[PDB]
Structures are given as structure tokens and as C-alpha cells.
Amino acid sequence: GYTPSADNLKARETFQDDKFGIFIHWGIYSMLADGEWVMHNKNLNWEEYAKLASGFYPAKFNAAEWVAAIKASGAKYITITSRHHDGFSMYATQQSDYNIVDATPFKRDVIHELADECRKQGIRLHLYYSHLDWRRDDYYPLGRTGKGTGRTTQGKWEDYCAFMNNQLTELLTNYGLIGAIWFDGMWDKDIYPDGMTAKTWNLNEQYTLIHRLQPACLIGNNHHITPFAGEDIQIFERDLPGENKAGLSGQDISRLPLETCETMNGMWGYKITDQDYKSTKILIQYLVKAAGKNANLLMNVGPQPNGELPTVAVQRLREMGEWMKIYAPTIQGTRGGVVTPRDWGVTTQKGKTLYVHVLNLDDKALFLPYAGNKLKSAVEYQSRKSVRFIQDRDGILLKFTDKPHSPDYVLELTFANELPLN
Ligand SMILES: C[C@@H]1O[C@H](O)[C@@H](O)[C@H](O)[C@@H]1O
Ligand SMILES: [Cl-]
Ligand SMILES: [Zn+2]
């Protein structure tokens, strides 16, 4: 079956080292400013919806400003929508004239500009690509969604698979190195009996094509189930691995590198009525919790129809970056800690070092259930002040002089041996 290349293994380890990326959902739906699902939610006719492209002009778009504001947060990569459910391509494809260059007065390939700036600025580029299409008539038979977009013709599914293959080829050919392909949407056909099989979705052909073009490119698929052979990362939508508070998960944690995706406000695409952006404290803690469960955090912003990133999102990214300036070594380059997440916080680890991230504790002591490795020292990460501890065969007890500050009271524990990997 699938044995991943060595460049692919390095790519997985670098991805886990990086820990933090930014999601970008941008399209012509940003004009309606009611979320990226508006075409299906309001049952918009595909022709009338497509008429919006000839008025799309994000005049204030600036790839350099975007990538700079994201880099400033500590994030190391950007995952951007190359084509979402509405079928509109945000790059210069030759498989359809329904794209940013040919169908709008903007006439610019924004994915190419962003790739150039990511190269220049040391940020890796990941591409989201939708298996689901609400406009094309060769997406036949239909799944659960999209029955109200006014399609009145049928094509062959083979033609749609060819279309996807050629678009994937283009994206892996004209834009430099691509960190990952992020498939989404096959959950649409989970109503038919064979709706989540690799053969209906042509997954083996597609994955093999991807890895032939760029063997170090990682593949993830947001299907919410057990990863298919060929995927290089596992995705959890709006939940940490092993949690299901949002109801879109519940699948077993595989052995692939893990990534949790989340929105900074409540919606992926720009939504003018949704201005409730999570606080900087919440976002820092979300990243720390992700890292403590051995997962990356892919945090989303939805660009405005004038081309700017929301100002509040840029503020949050800058404040997260101020925090990262001090604490990134306790997150980036680490893995999930030997003590798994607890109500008080989490732990990350690197070599012989265990970082204890105390996120939610008002007592002045903390029990760590870990034994068999001589603890040789404990200090506060920032101040370097020493932390009193008692170690025995049952575990470790840390005692604090003050009881802890927000948003993260971090202790650095140094052990004699190891730290293990479960
Ligand atoms: C990937 C994100 O979660 C879901 O899968 C999608 O339906 C959303 O539009 C968004 O792209
Ligand atoms: Cl980690
Ligand atoms: Zn170029």
C-alpha cells in the first residue's frame, strides 16, 4: 500500500514542530458577507450567484501585508481556500473560466501573489480544495446539499473527477512548493451507502497524483472519520483530538500528525453580522491546549470583500505574537506531554524537558502523575525562579510561591532521562 517518502516524513515532523497556522476562507461569498455557505443556505441560483464575480474587486488586497500580519503572530504556515463549495476558483485555472482572473475585473491570481510572498517571508503554503461543488452539473448524482441551486443538467462523474485531477495538477505545478492539500466535503455523500468510500471519491488516484507531483506535500481530508491510506495528517474540526464539544468529531485519534481547525469569530467566511472575535487570552490558551494534546492549531480569519483582513483579527494576531515572542520555545518544536491534558492545564515536551502550562488553577500546588524519571530541576520559564517540588514513586508535587497568573503560568521541568512518546 502507501509507504510515505522520506521527504514526506521530514515534512510531517516540520509540520508538528511549527504547531500553528492560519486558515483563510476567501471567495466571492465575501461580497454577501453571510458566510461561505450562503449559496446553499439561501438556495441561490448558480447563474445569479455567478453574476457577482464581475463585480468582485478587492482593491485593498495586499499579499505582503497579509503574510506579514500572519507571520507576526508566530504562525508558520497559511492554509487558503483555492476553491470552496461554490465552485469558484481563486487561481488561474484552465479547467474553468469561472475564476478570479477571467471572471472578475480584479484580473489577478491572488494565490500566486500569496505564494510569492510566503516564499519571500518564510511562511509555508497549504491549499484547501473542495471535493464538493454546488455549481458544476457533472457533480452527479447530488449529495445532501446543493439541491436548491437551480442546476437542471447532468454530467458524468468521471468528467468531474478529471476536472479535480487537472485542477490539483495545476495547483501543484504553478505555485512553487506546497506544504499540504486540505481536502474537504466528501461528507456530503454520506447519505448514499457507498458515499464515503475511496473509490467513489477517486481518492487513491488523487492522492497518488499529489504525491507524484510533490512527494513531500502532506495530504489531509476533513472527512471526520478514520484517515484513508495516503493521508499524511488528521483533521479535527472545531475540537481538540479526543473531544467532541462541537459535534463534528468523535473519531479515534490516529497516529498521523494532528491538526485542529477553529474560527476566530464564529464563521469561516467573512460574516458582517459576526464581530465576536475570541479574546487574545482564549486564543493563546487554545493554541496551548492544542499543543498539549500533540496537535497543531489552524486558526481562521475571513477576509473582507475589499481585500483587507479584519482589523480586530490583525490585532489578535499581533497580541498572540507578543506572547509567542516569550513562550514559543515551550510550544513550537515540542510534542504532546507525557502528562495528558487536565482541567488545570497541559504539558508539552522536548528532549528531557517538560513544560507545564498551568491555564486554570487557583491553588498553590499541583500534582503531576509521572514517575520513573528523576526530576532534576524545576523553574518558572520566564523568571527562572526555582519551584519547590517533591518527587516519589507516585508522582511529583510542585508548590508555588504565588498562585498562578494568566494567561499561562509555565514551569520548565528538567529530567535525567528521556521523555517518552505514547
Ligand atoms: C473546512 C471548514 O469546515 C467545514 O468542513 C466546511 O463546510 C467549512 O466551509 C469550512 O471550510
Ligand atoms: Cl507539542
Ligand atoms: Zn511567481
Side-chain angles (χ1 to χ4, degrees), residues 2 12 15-16 21-25 35-37 39-41 79-86 126-134 139 141-147 161 164 168 179-204 206-207 210 217-264 266-269 286-287 289-291 293-300 302 336 341:
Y2 174 59
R12 306 189 176 186
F15 176 75
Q16 304 181 93
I22 293 317
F23 222 154
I24 296 154
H25 280 73
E36 76 285 3
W37 269 65
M39 189 199 193
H40 163 81
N41 289 337
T79 305
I80 184 153
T81 53
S82 80
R83 177 175 139 290
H84 208 264
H85 306 334
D86 66 5
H126 295 189
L127 296 177
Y128 169 113
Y129 188 85
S130 176
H131 274 133
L132 165 69
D133 192 307
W134 291 326
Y139 187 101
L142 297 200
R144 28 186 172 91
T145 72
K147 311 221 262 263
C161 291
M164 301 205 284
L168 289 166
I181 303 294
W182 214 95
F183 284 116
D184 177 37
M186 69 181 274
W187 40 252
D188 181 62
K189 272 195 210 217
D190 69 4
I191 54 143
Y192 295 132
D194 281 325
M196 306 283 282
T197 55
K199 148 150 271 163
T200 326
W201 288 102
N202 202 25
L203 287 175
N204 290 325
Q206 278 162 196
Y207 293 175
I210 284 157
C217 185
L218 312 172
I219 300 177
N221 192 335
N222 184 29
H223 46 43
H224 304 151
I225 63 169
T226 156
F228 289 90
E231 279 148 46
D232 309 292
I233 88 182
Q234 187 180 8
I235 291 152
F236 286 85
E237 184 177 340
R238 299 178 172 275
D239 253 325
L240 309 163
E243 301 196 10
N244 193 20
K245 290 164 188 166
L248 315 174
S249 296
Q251 73 278 40
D252 289 324
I253 301 166
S254 81
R255 320 225 143 189
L256 299 174
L258 316 174
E259 182 192 63
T260 287
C261 62
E262 184 61 79
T263 45
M264 204 184 289
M267 186 57 48
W268 308 99
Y286 210 132
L287 172 66
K289 286 185 211 186
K293 196 81 185 123
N294 204 37
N296 283 28
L297 174 63
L298 184 59
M299 173 68 42
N300 177 91

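Nothing fancy with the numbering, it's 1 onward along the sequence. Note: hydrogens, waters and symmetry copies are ignored here, and every other heavy atom, side chains too, is used.
- Between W187 and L132, the shortest heavy-atom contact is CH2-CD2, 3.9 Å.
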Criterion salt bridge (charged side-chain N to carboxylate O under 4.0 Å, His left out) on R83 and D133, from CA distance to verdict: CA-CA 9 Å; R83 177 175 139 290; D133 192 307; 2.9 Å; yes
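- Counting only heavy atoms from C-beta outward, the side chains of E36 and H85 never approach each other to under 4.5 Å.
- No side-chain donor-acceptor contact under 3.5 Å links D194 and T200.
- Note that OG1 of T81 is 8.0 Å distant from OH of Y128, once rounded to the nearest 0.5 Å.
- In this structure, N244 and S249 approach most closely via the heavy-atom pair OD1-N, 2.9 Å.
- We find the CG-CD distance between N294 and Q16 to be 6.0 Å, quoted to the nearest 0.5 Å.
- When every heavy atom of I210 is checked against every heavy atom of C217, the shortest pair comes out as CG2-SG, 4.2 Å.
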Trace of the side-chain contact (heavy atoms from CB on, under 4.5 Å) decision for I80 with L127: CA-CA 5 Å; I80 184 153; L127 296 177; 3.8 Å; yes
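- Between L258 and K293, the closest side-chain pair of non-hydrogen atoms is not below 4.5 Å.
- Between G195 and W201 the shortest heavy-atom distance is O-NE1, 2.6 Å.
- Separation of atoms CG (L168) and CD (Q206) is listed at 6.0 Å; rounding is to 0.5 Å.
- With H223 as the partner, the side chain to side chain contact (heavy atoms under 4.5 Å, CB included) test is satisfied by one option alone out of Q251, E237, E231, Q234: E231.
- Rounding to the nearest 0.5 Å places CG of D184 at 7.5 Å from CG of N221.
- Here the side chains of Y286 and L240 are in contact, with some heavy-atom distance below 4.5 Å.
- Under the 4.5 Å side-chain criterion, counting only non-hydrogen atoms from C-beta, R12 is in contact with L218.
- For an aromatic pair to be called close, the ring centres must be under 6.0 Å apart, and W182 with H25 fails this.
- Put simply, the side chain of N296 gets close to the backbone of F15: a donor and an acceptor are under 3.5 Å apart.
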Step-by-step side-chain contact (heavy atoms from CB on, under 4.5 Å) determination, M164 to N202: CA-CA 10 Å; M164 301 205 284; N202 202 25; 5.6 Å; no
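- For the residue pair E259 and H126, no side-chain donor N or O sits within less than 3.5 Å of a side-chain acceptor on the partner.
- Residues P141 and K189 approach most closely at O-NZ, 2.9 Å, considering heavy atoms.
- Among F228, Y2, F183, the one residue that satisfies the side chain to side chain contact (heavy atoms under 4.5 Å, CB included) test with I219 is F183.
- Taken from CG in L248 to CZ in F236, the straight-line distance is 12.0 Å, to the nearest 0.5 Å.
- Scanning all heavy atoms of the two residues, the minimum distance from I235 to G220 falls at CD1-C, 3.9 Å.
- Remark: the backbone N or O of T145 is paired with a side-chain donor or acceptor of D188 at under 3.5 angstrom.
- In this structure, the separation between CD on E262 and CG on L287 is 13.0 Å, given to the nearest 0.5 Å.
- Of the possible polar contacts, none joining the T260 side chain to the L297 backbone as a donor-acceptor pair under 3.5 Å is found.
- The pair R144-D190 counts as a salt bridge, with a side-chain nitrogen and a carboxylate oxygen less than 4.0 angstrom apart.
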